[PDB]
């Protein structure tokens, strides 16, 4: 339920193949692949209490999810939390790390924006 506002990600669109390359490079794997409207990427931070995951998601505004060419509009990134083995408190260090990763997501998208 933690969100990251003001990353700039929601303000520009990107081709899916170009998004995919960027995400894999930055440690994300595809997630929630049952959804045909949205593409989802998770970067996992496993800890003693379980798994935190930085989730970046976008919808196909043009084309579709199963196509090489699809135009993706990104939504507000979130950090999810899963407890294993069994009001959420989010660790400030992990918040800072996720902020850093999102900054490089944004920087990589800015580098190809005009092409």
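Residue numbers (PDB author numbering): 0 to 85, 92 to 120.
Using N, Cα and C, we set each Cβ at its ideal position, and we do this for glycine too.
TODO: Please name the residue in 3, 19, 4 whose C-alpha comes closest to that of residue 114.
DONE: If we check each option's Cα against that of residue 114, 19 comes out closest.
- [ ] Just the C-alpha distance for residue 110 and residue 50, rounded to the nearest angstrom, thanks.
- [x] About 21 Å.
Open item on the list: Helix, strand or coil, according to DSSP, for residue 73 in the structure here?
Closed with: Taken through DSSP and simplified to helix, strand or coil, residue 73 comes out as strand.
- [ ] Could you please give me the residues that DSSP links to residue 43 through a beta bridge?
- [x] Per DSSP, 52.
- [ ] Would you mind giving the Cβ-Cβ distance between residue 6 and residue 107, rounded to the nearest angstrom? I have them listed as a contact below 8 Å.
- [x] Beta-carbon to beta-carbon, residue 6 and residue 107 are separated by about 5 Å, close enough to satisfy the 8 Å threshold.
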